[PDB]
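So you can see what is in the structure, the chains are spelled out below.
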Amino acid sequence: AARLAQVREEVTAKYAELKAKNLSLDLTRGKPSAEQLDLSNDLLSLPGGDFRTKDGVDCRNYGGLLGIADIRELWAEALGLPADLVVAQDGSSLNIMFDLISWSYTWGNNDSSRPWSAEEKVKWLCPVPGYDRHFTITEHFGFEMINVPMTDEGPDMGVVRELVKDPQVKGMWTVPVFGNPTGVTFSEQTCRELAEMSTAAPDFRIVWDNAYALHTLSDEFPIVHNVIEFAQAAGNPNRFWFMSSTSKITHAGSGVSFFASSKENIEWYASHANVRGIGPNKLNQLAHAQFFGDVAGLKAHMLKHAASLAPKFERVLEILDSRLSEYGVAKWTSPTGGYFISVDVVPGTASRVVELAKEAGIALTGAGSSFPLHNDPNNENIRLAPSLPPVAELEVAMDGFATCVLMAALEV
Amino acid sequence: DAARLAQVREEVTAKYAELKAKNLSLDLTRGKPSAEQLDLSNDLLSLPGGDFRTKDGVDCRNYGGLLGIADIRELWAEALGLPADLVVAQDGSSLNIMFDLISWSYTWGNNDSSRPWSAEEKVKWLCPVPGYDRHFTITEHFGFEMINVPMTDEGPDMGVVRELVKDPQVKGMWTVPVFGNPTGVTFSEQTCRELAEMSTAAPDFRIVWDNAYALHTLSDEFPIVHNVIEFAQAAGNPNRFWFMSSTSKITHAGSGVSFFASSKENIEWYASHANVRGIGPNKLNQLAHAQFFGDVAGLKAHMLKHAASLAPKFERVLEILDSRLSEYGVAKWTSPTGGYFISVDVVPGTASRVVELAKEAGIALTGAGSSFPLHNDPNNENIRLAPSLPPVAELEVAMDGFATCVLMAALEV
Ligand SMILES: [Cl-]
Ligand SMILES: [Cl-]
């Protein structure tokens, strides 16, 4: 191992050379770049004096709880769902997912014998690495979260099947297409099993958070599996709460959110929503419907995002390969869509990699942030977020990240 | 009163006879702005356009910001005379926030709770009546036991409120403190002061100070917006008030912006849950509203345009009632100088009959009891009128028909 003393010397030299660049970069922001945002500049002036829906309804006034037909029909077609199964709300699907759990907790859902608050304990399945904002909701509700391994075609179905036999298990978080942060899209097989399987809880819900349903890096769109109709045809019609939104399509924060589910789930939702409010922002929905025009226009707009994003992911992936490959030090996802790359480093070092990057002026997401309670049991995983920075910055940041990964690896 | 009212017997049978003949299809039901009012805000439909940054230069197109952009907070706060750091601006509906406040207090308690309201055997809630059906529906939904409080020319009967709050099961109160829906009354300063000063048995008692009509005057003069958050601070009950307001009847109803104002402690608590619910509200719509109004003067100028459109409509119904019911002592009615409604108390036991007679003659009146918890007006006497939407032509036939229905139903008891 005279090569070990040589490699840690050349790696130490690269870390010193990295510190000397006096960087200030971050691979932290899972949001659209200004370039991507500029693609929706026309939406900022809409709807103007064209404030009526196709059908002739004045969107400037009260009324309509489930969103306007113009946007609901457009969006349902794009996802391949029937329009009456799709609800359009305000600018956050996270808002809806919280309400869905909040209302199950307070009142029970339409399949509950008792509100989830009346249970001794509530357990919740958490496929990992996953989305911190998901886990924050179930943590806030005091649900006992149970981690479930991700495979390359979705969650470990041998684990899901065994765990769901526990009647305290009330639900599950999923990101089923171009998943945050892993990039995997659940196979049809996996989609069908989740719809078919028996659960001990009679009111088990899967949050099918389809955030990236249209969000390709290439020329091709993923299939959106109609899990709702798998559910119906399998005898479990109410199993999926199907989420999607325009946050990373238009303006992240001032977009349109969508909830799709069975008829009975939508009626349950509405019975509470009806109390909470008169209904969503119809003028924003109209503007969005006018802006996309049709499914064809939506998809055209998705391919411009693709164009902006694709070179960034390609650069990142080549640097990971070129800089880390021969070493046997890291594995990473090669997503074909979405907003993220998930990297697994030498177990026990993820934390040190992040600290080493910070000290060299590169900001990385805190190790374990893809996990419930921010705890990665193996201390191996780091999420990368390449959507915002210019490719020139990504190159430097990603050089350094690779240096930090190797430094950490060679410090034990 | 009942002596001369009878002498008008056949003549009234006629009016109705005649009125049914006209084959009407009118509606006094909608607390919505007219198309003419909505038009006032058409410029806002094209905003912000290429002007997508706040004044401090923050890009409103991307994620971030939980409590609303400074531009709108600062402007609304100034308009209400409140500290901008105690004003929160959210999405299109303040009813949503009122629901969230109550919901989060039911699930996890509020910052002053020792236990969540869901763990209580009973939760009691003070309901000044006549009041607002969407308020009452929220507390009905949570299964609260609602107790009616008499409303006076200057707010709730405080002798009643002060006795009731001695009960630790009483958790809170619905109020519409300026140009109240449906009564038109604005709580006097004294009443505002008693509300913040009184001691309650519940340590976590909350008043929903739903200031939906804080600026919505029918004249050229604006009402005083008493700073109840300050009152409460000085009275040593700093967290009592959840102060609500909205642009719903100012810009576009349902696509506007809502505001929650409170003590700092109440906002931090609100933020710890709202932080879990989402990243934050629609900033671009907040920016468009901020650019549209421009300043407080711009906002108040626009309210006066609303006043312009609404005043002749309210003036009309009030002369139609006075000149057409006053002599008979059959109905009493509010004469509001702002807000959206007129509340009429007809002879006890005939309200439902009035609504019925009107419906048959082709006029939609708000359901009897709908200003009361559980839609129960125990005297069957109150009807809510909503003059805002119809053109003065439609309104004038409707108000004459209505006054006929009151006269018919009285000849029935
Ligand atoms: Cl089911
Ligand atoms: Cl207090």
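Numbers given for residues start from 1 on each chain and follow the written sequence, which can depart from the numbering in the entry; residues without coordinates are excluded. Whichever chain is written first is A, and whichever ligand is written first is 1; the rest continue in order. For the side-chain quantities, the full set of heavy atoms in the structure was used; hydrogens and water were omitted.

Going by the header, the method for this PDB entry is X-ray crystallography, and the resolution given is 2.00 Å.

**Here's the deal with the interface of chain A and chain B**
We apply this condition: A contact between two residues is defined here by any heavy atoms of the two lying within 4.5 Å. Put simply, buried area is how much 1.4 Å-probe accessible surface two parts lose in total, over both of them, once they are put together. In what follows, salt bridge is the name for a side-chain nitrogen of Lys or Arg lying within 4 Å of a carboxyl oxygen of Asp or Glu. The term polar contact refers here to a pair of N or O atoms within 3.5 Å; inside protein, the definition further demands a hydrogen-donor-capable atom paired with an acceptor-capable atom, and it admits residues adjacent in sequence only when both atoms are side-chain atoms. Helix and strand definitions follow DSSP, with helices as H or I runs of at least four residues and strands as E runs of at least two, each counted in order from the N terminus. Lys, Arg, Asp and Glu make up the charged group, whereas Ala, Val, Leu, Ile, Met, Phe, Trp, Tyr, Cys and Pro make up the nonpolar group; the residues left over, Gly among them, are polar.
On the side of chain B, 53 residues touch chain A, which itself brings 53 residues to the contact. Counting each side, the surface lost to burial between chain A and chain B is near 4500 Å², with a carbon and sulfur contribution of 52%. Area buried by chain A at its contact with chain B is led by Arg60, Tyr62 and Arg276 of chain A, which between them contribute 19% of it. The interface formed by chain A and chain B holds 4 salt bridges in total. A salt bridge links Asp99 of chain A to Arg277 of chain B, with the shortest nitrogen-to-oxygen separation between them at 2.9 Å. Our count for the contact surface shared by chain A and chain B stands at 26 residue pairs in polar contact. When residues of the side of chain A that touches chain B are traced back to their parent elements, those giving at least two are α2 (34-38), α4 (93-107), α5 (132-141), α9 (263-276) and α10 (282-292) of chain A. For the side of chain A that touches chain B, a count of residues per class yields 22 nonpolar, 21 polar and 10 charged.

**A word on the packing of aromatic side chains**
Worth spelling out the cut-off: Whether two aromatic rings pair depends on their centres lying within 6.5 Å, for rings of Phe, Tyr and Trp, where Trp uses its six-membered ring; planes under 30 degrees apart make the pair stacked, over 60 edge-to-face, and the rest tilted. Between buried and exposed lies partly exposed: a residue is buried under 20% and exposed over 50% of the maximum accessible area for its type, with that area taken using a 1.4 Å probe on protein chains only.
Overall, the coordinates contain 38 aromatic pairs over all chains when judged by the stated rule. With a centroid separation of 5.5 Å and 80 degrees between ring planes, the pair formed by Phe187 of chain B and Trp209 of chain B is classed as edge-to-face. Of this pair, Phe187 of chain B sits in the loop between β6 (170-175) and α8 (189-197) while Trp209 of chain B sits in strand β7 (residues 206-210), and the two are 22 residues apart along the sequence. Across this residue pair, the class does not change: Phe187 of chain B and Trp209 of chain B are buried. A connected cluster of aromatic rings, assembled from ring pairs, spans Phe98, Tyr105, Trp116, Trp124, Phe141, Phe143 and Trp173 of chain A together with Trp104, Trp108, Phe260 and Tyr270 of chain B.

**Brief notes about the nonpolar core**
Just so we agree on the cut-off: Residues grouped as a nonpolar core are buried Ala, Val, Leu, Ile, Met, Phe, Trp, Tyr and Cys residues, joined through side-chain atoms within 4.5 Å.
Ranked by size, the top nonpolar core spans 175 residues in total, and within it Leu194 of chain A together with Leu195 and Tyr270 of chain B carry the most contacts. The next biggest cluster of nonpolar side chains, apart from the first, holds 53 residues, and it includes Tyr328, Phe341, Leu357 and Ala386 of chain B.

**Focus: a negative patch on the surface**
Residues and elements named next belong to chain B. Here is the rule we go by: In this scheme, patches are assembled from residues that exceed 30% relative accessible area and form no salt bridge. Like charges are connected within 9 Å, while nonpolar side chains (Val, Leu, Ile, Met, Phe, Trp, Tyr) are connected within 5 Å. The accessible surface values rely on the Shrake-Rupley method and a 1.4 Å probe; as for residues, cover is taken only from the protein chains in view. As used throughout, the charge tally considers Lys and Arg to be positive and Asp and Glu to be negative, leaving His and the chain termini uncounted. Positions of charges follow a simple convention, taking NZ of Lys, CZ of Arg, CG of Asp or CD of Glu.
Among the surface-exposed residues, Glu74, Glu78, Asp85 and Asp295 lie close enough to one another that they form a single negatively charged patch. By the secondary structure assignment, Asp295 is in the loop between α11 (283-293) and α12 (296-325). Looking at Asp295, the relative accessible area reads 43%, which means it is partly exposed.

**Here's the deal with unusual backbone geometry**
Here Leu47 of chain B and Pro48 of chain B are connected by a cis peptide whose omega angle stands at 0 degrees. Position of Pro48 of chain B relative to the elements: it lies in the loop between α3 (35-39) and α4 (70-80). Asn181 of chain B connects to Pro182 of chain B through a cis peptide bond whose omega is 5 degrees. Relative to the helices and strands, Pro182 of chain B resides in the loop between β6 and α8. A positive phi angle is found at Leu373 of chain A, which is not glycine, with a value near 55 degrees. On the basis of relative accessible area, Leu373 of chain A is assigned to the exposed category, the value being 60%. With a phi close to 45 degrees, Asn380 of chain B is a non-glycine residue in the positive phi region.

**Quick word on the domain arrangement of chain A**
Residues and elements named next belong to chain A. To be explicit about the condition: The source of the domain bounds is an automatic or database domain assignment.
Parsing chain A into structural domains produces domain 1 (1-50 + 295-412) and domain 2 (51-294). Computed over C-alpha atoms only, the centres of domain 1 and domain 2 are separated by 28 Å. Taken together, the contact between domain 1 and domain 2 spans 43 residues of the former and 41 residues of the latter. For the pairing of domain 1 and domain 2, the buried interface totals around 3700 Å² over both sides, and the portion due to carbon and sulfur atoms is 69%. Counting the surface domain 1 buries against domain 2, the share from its top three residues, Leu43, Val295 and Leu298, is 18%. For the interface between domain 1 and domain 2, the tally reads 0 salt bridges.

**Quick notes on the pattern of salt bridges**
Scanning the model with the defined rule gives 41 salt bridges over all chains in all. Between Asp59 of chain B and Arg61 of chain B there is a salt bridge; the shortest N-O distance is 2.9 Å. Exposure remark for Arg61 of chain B: the relative accessible area of 1% places this residue in the buried category. Of the charged contacts in the structure, one is a salt bridge between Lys171 of chain B and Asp204 of chain B, with a shortest N-O distance of 2.8 Å. You can see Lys171 of chain B sitting in strand β6 and its partner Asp204 of chain B sitting in the loop between α8 and β7, a full 33 residues away along the chain. With respect to burial, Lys171 of chain B and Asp204 of chain B carry one shared label: buried. When salt bridges that share partners are traced, they join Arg114, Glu119, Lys170 and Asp203 of chain A into one network.

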